[PDB]
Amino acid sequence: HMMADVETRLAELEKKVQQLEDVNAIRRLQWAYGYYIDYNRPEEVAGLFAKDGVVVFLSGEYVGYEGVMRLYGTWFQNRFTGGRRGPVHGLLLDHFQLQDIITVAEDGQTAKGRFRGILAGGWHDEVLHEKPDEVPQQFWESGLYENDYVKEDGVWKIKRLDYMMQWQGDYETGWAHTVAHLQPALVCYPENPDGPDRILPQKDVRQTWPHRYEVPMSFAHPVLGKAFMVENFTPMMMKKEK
């Protein structure tokens, strides 16, 4: 009666506190990922993943440490630094990370997270001779993440990092006058040395900016939850004919 209560409260607290630590830990993975990719440090990125982890980029799946090192190292690091750990003279790749919404499973062994990034990228004039031809000298980019996390032996890791690029703009023209200089993946590893292990099913392939596709929310409506229905609200607005 007296003790059963004290027990109850300590179980209810340990559960709530673990959850609060879990949210901190999972956000911490995404922010750390950001600081590493800003420095073209593919080794630190690879280490964030479970050994069966997957990263998705331009609708291509890169599998395990090897696939992550292939995306961030073989492709990105050679593209931006010619294969040096950054940062390096004149090379900007700032992926500002924000707006985390993390949903931890009730059992505390898996989670989802929505995040986004805005990238300021480019070669200063002093290092412009190092830039490849198929890339603007300076650009903006933004993307959404809907990631999966696994608590593996009590340690939060990235199960699935799914970066969906939403738009790019050349600094000089902006998003309104710029077509994405990246297209859905076509050729897999090993045919393509920069390529993914697998391409997503045909239906799920994202065409790039200006094309848009909904990235569905991993998180439930945070007030109405499962009780939220669009059609309970739509009738209150008026649709106009132009």
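Heads up: residue numbers just count along the shown sequence, starting at 1.
- Remark: stretch with higher mean C-alpha B factor among 33-41 and 53-61 is 53-61.
- The PDB entry reports B-factors from which the mean C-alpha value can be compared for 94-102 and 149-157; the larger average falls on 149-157.
- In the deposited coordinates, the residue among 109, 137, 168, 77 with the greatest CA B-factor is 109.
- Based on the entry's C-alpha B-factors, the most elevated value among 217, 187, 26, 176 belongs to 187.
- Per the PDB record, residue ranking by Cα B-factor puts residue 126 in the middle third of the chain.
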